[PDB]
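> experimental structure below, sequence on top.
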Amino acid sequence: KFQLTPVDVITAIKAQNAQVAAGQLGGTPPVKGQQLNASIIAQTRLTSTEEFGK
Amino acid sequence: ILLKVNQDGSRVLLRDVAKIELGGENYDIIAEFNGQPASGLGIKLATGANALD
Amino acid sequence: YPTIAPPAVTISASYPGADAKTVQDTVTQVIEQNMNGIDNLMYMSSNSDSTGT
């Protein structure tokens, strides 16, 4: 109906659902005086069936 | 390293878009022997070898 | 004869078209840095071939 092959289901759930090679605030090597270091948590892997319906 | 061809022709090289240097593969840990820059070697003895030799 | 000759192990890898000195740096010298401290090793011998092997 809504004009689709499994292939778009594949690429969909793949690139939609994943962890991500994020990086860091205050990234190393920082600059003279830098006074924050903390973790970038970007796009995360899933958990539920909701997160999969959506 | 070429990144793109220009409309007139003065192309855009990586040279231009970013800075380039021979650099550490990792800048997390820094080694200061007596405050002076240093780099060390961690040597382990063989498997049934003499220490003092 | 009795089994007489000192036992030995060879490693072989393929890197097609790569020139001799390339295989000398891309495969041969990579191994000899981790052949540091094997037990009862008499000697070591490396072949860096320009057919990539």
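On my side now, so go ahead. Numbers count the residues shown, from 1 in each chain, chains lettered A, B, ... in the order given.

> going by C-alpha atoms from here, please, whenever you check contacts or count neighbours.
Fine.

> burial check on residue C:23, number of neighbours?
23 (other Cα atoms under 10 Å in any protein chain shown).

> who in chain A is up against chain B?
Applying Cα under 8 Å from any Cα of the partner chain, we find that chain A lies next to chain B at A:28-29.

> 10 Å instead, please
Selection of chain A residues close to chain B by Cα under 10 Å from any Cα of the partner chain yields A:27-30.

> top of those by number of neighbours, please.
Ranked by the number of neighbours (other Cα under 10 Å), these place residue A:27 first, at 16 neighbours.

> just give the nearest non-adjacent residue to that residue, would you?
Excluding the flanking residues, the one nearest residue A:27 by Cα to Cα, 6 or more residues apart in numbering or on different chains is residue A:37, at 7.1 Å.

> what's the burial count for that neighbour?
Residue A:37, neighbours per other Cα under 10 Å, totals 12.

> ok, it touching residue A:30?
Yes - Residue A:37 is within contact range of residue A:30, at 9.1 Å (criterion: Cα atoms under 10 Å).

> that'll do, ta.
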